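[1] My complex, part one, positions kept as in the full thing:
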Amino acid sequence: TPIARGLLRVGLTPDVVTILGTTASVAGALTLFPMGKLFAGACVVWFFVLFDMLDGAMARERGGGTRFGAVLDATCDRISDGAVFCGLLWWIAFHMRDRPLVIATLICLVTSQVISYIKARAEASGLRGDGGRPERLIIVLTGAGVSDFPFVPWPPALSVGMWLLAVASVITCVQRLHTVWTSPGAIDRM
């Protein structure tokens, strides 16, 4: 929060900081992961996960965020996650011989979008759509970093990371739709 104050000082808006963080996160994911630099990629993506929380600190230290800022931040989280899984997919698909893992990665790619989508769409209709994102990233990035750990790496960790997530994510989808289903007013006709 002193960081947020100093970033305000220089002329950065919260929106600008989100876009730059997302741009840097995406570039990191798409530069490092396809090269097999999985640990470095993981550290950079975690960094910019954390660094993007500074948008809220900056908004608070300006007396307020905006609705657009909220929407932009969320959209950016989706873009950034898509980019994480796409970089990992590139490494996995073209530098390994684990097609089941390619499948698991694609499931993670799609479910990371859909899980968020269900929430936003549920809210757009006045229903709830949460339950079951930081921990999903924790799983896949820890798996990757350990797989490529600078010492005593455990290559299987990527696959374990991905497969767990893929299952966990699918369940989350089902869970979230259930929360939609059981929201008050969900079944009223209009």
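    Now that the structure is in, tell me what you want to look at. Numbers count the residues shown, from 1 in each chain, chains lettered A, B, ... in the order given.

[2] any idea how far residue A:118 is from residue A:129?
    5 Å (CB to CB, to the nearest Å). Every C-beta, even on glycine, is put in place using the N, C-alpha and C of the backbone.

[3] and what of residue A:117?
    9 Å.

[4] How about residue A:65?
    Residue A:65 is 22 Å from residue A:129, by CB to CB.

[5] okay, the two: which has more neighbours?
    residue A:129 (22 against 16; other CB atoms under 10 Å).

[6] count of residues packed around the nearest residue to that one once chain neighbours are set aside?
    With sequence-adjacent residues excluded and distances taken as CB to CB, 6 or more residues apart in numbering, residue A:129 is closest to residue A:122, at 2.6 Å. Here the number of neighbours of residue A:122 (other CB under 10 Å) works out to 19.

[7] What about residue A:93, how many residues nearby?
    That count, for residue A:93 with other CB under 10 Å as the rule, works out to 15.

[8] who's in contact with it?
    By CB atoms under 8 Å, 6 or more residues apart in numbering, the residues touching residue A:93 are A:102, A:105.

[9] Assign it to helix, strand or coil.
    helix (DSSP: H, G, I helix; E, B strand; the rest coil).

[10] Look up how far residue A:101 lies from it.
    Taken as CB to CB, the span from residue A:93 to residue A:101 is 9 Å.

[11] And for residue A:119?
    28 Å.

[12] Equivalent analysis for residue A:185, please.
    From residue A:185 over to residue A:101 (counting by CB to CB), the distance is 42 Å.

[13] Between those two, which has more neighbouring residues?
    Neighbours were counted for residue A:185 and for residue A:101 using other CB under 10 Å; residue A:101 has more, 19 against 9.

[14] Which is the succeeding secondary structure element to whatever helix or strand that one lives in?
    Applying DSSP states H and E as the criterion places residue A:101 in helix A:99-124. Beyond helix A:99-124 on the C-terminal side, the first helix or strand identified by DSSP H and E is helix A:134-147.

[15] how far off helix A:99-124 does that next one point, in degrees?
    160 degrees (axes from the mean of the first three to the mean of the last three CA atoms, to 10 degrees).

[16] so what does whichever helix or strand comes after helix A:134-147 touch, helix or strand wise?
    For helix A:134-147, the following helix or strand on the C-terminal side (DSSP H and E) is helix A:156-181. Here helix A:156-181 touches helix A:67-95, helix A:99-124, helix A:134-147, going by 3 or more CB pairs under 8 Å, 6 or more residues apart in numbering; DSSP states H and E.

[17] and the angle from the shortest one to helix A:67-95?
    Pointing back at helix A:134-147 there. Using the same axes, to 10 degrees: helix A:134-147 against helix A:67-95 is 30 degrees.

[18] to the structure above, add chain B:
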Amino acid sequence: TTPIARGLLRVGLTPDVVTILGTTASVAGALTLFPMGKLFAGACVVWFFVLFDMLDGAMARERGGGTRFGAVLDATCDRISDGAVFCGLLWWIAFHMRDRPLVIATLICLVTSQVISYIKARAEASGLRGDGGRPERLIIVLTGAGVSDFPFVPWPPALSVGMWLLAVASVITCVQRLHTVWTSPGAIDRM
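    Chain B added:
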């Protein structure tokens, strides 16, 4: 074509069930045919079930109302279905062609097909608008695919063309939609 909705309502099928079955058939088709290189058949099937999913709305109108859950489920299903189309096409492109830029274009399409819808849903969740800039997206990629695998007289390049246009168009759409958020009433008031 509301008598199909009439008859499916009679049998006891709700719009929600029809949406779930249509989406499942579309996903099975996309993930079964596209990775095999049967692009034309895959495009026909996906187009079929695109149209077949309109029957949920027909049933809702001829039922005195859809439901909120139904809307959410139908949209969620559209997202799943689009992910499946691009995932099957990607499998084909990535492992049975030698076109790395085309893989990139397909991944861009894969992600943007989600993000475009997301911007809309999230803006509405905040009381803003987030539309403008899907039917033509599928028209593009599926036409490219079907022509690429067109019976007897195929033109393979049509796939790469289809994807590359879509990828670009899709990126354009994303920024357009955010602009519509930005210009929504109340969007930039600080709170």
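
[19] Re-run the earlier check on the contacts of residue A:93 with chain B in the model.
    If you count contacts by CB atoms under 8 Å, 6 or more residues apart in numbering or on different chains, residue A:93 has them with A:102, A:105, B:94, B:95.

[20] quick one: which two of those residues are the most distant?
    A:105 and B:95 (13.5 Å; CB to CB).

[21] For residue A:53, what are phi and psi?
    Dihedral angles of residue A:53 (phi, psi; degrees, to the nearest 10) stand at phi -60, psi -20.

[22] Quick check: nearest residue in space to residue A:154, chain neighbours excluded?
    Residue nearest to residue A:154 in three dimensions, not counting chain neighbours: residue A:146, with 5.0 Å by CB to CB, 6 or more residues apart in numbering or on different chains.

[23] The one you found: how many residues sit nearby?
    20 (other CB atoms under 10 Å in any protein chain shown).

[24] can you check residue A:174 too?
    Neighbour tally, residue A:174, other CB under 10 Å: 9.

[25] Also residue A:150?
    Around residue A:150 there are 8 residues (other CB under 10 Å).

[26] Then residue A:171?
    When neighbours are counted by other CB under 10 Å, residue A:171 comes out with 12.

[27] That one - nearest residue in space that isn't next to it in sequence?
    Using CB to CB, 6+ apart, the nearest residue to residue A:171 is residue A:132, at 6.9 Å.

[28] and that neighbour, how far is that from chain B?
    14 Å (CB to the nearest CB, to the nearest Å).

[29] do the same with residue A:77
    Residue A:77 is 10 Å from chain B, by CB to the nearest CB.

[30] Return the residues in contact with that residue.
    A:22, A:52, A:116, A:133.

[31] Same question for residue A:80.
    Residue A:80 neighbours (CB under 8 Å, 6+ apart): A:22, A:25, A:26, A:29, A:45, A:48, A:49, A:52.

[32] now the helix or strand harbouring residue A:26 against helix A:67-95, angle please.
    In the assignment (DSSP H and E), residue A:26 maps to helix A:14-32. Helix A:14-32 and helix A:67-95 are oriented at 0 degrees to each other (the same axes, to 10 degrees).

[33] elements contacting the next helix or strand after helix A:14-32?
    Going down the chain from helix A:14-32, the next helix or strand is helix A:38-52, by DSSP H and E. Applying 3 or more CB pairs under 8 Å, 6 or more residues apart in numbering or on different chains; DSSP states H and E, one finds that helix A:38-52 contacts helix A:14-32, helix A:67-95, helix A:134-147.

[34] Who's the closest spatial neighbour of the one residue sitting closest to the centre of chain A, skipping the chain neighbours?
    Most central in chain A under CA atoms, centre = their mean is residue A:81, positioned 3.7 Å from the mean C-alpha point. Nearest non-adjacent residue to residue A:81, counting by CB to CB, 6+ apart: residue A:112, 4.6 Å away.

[35] can you check residue A:88 too?
    residue A:33 (5.1 Å).
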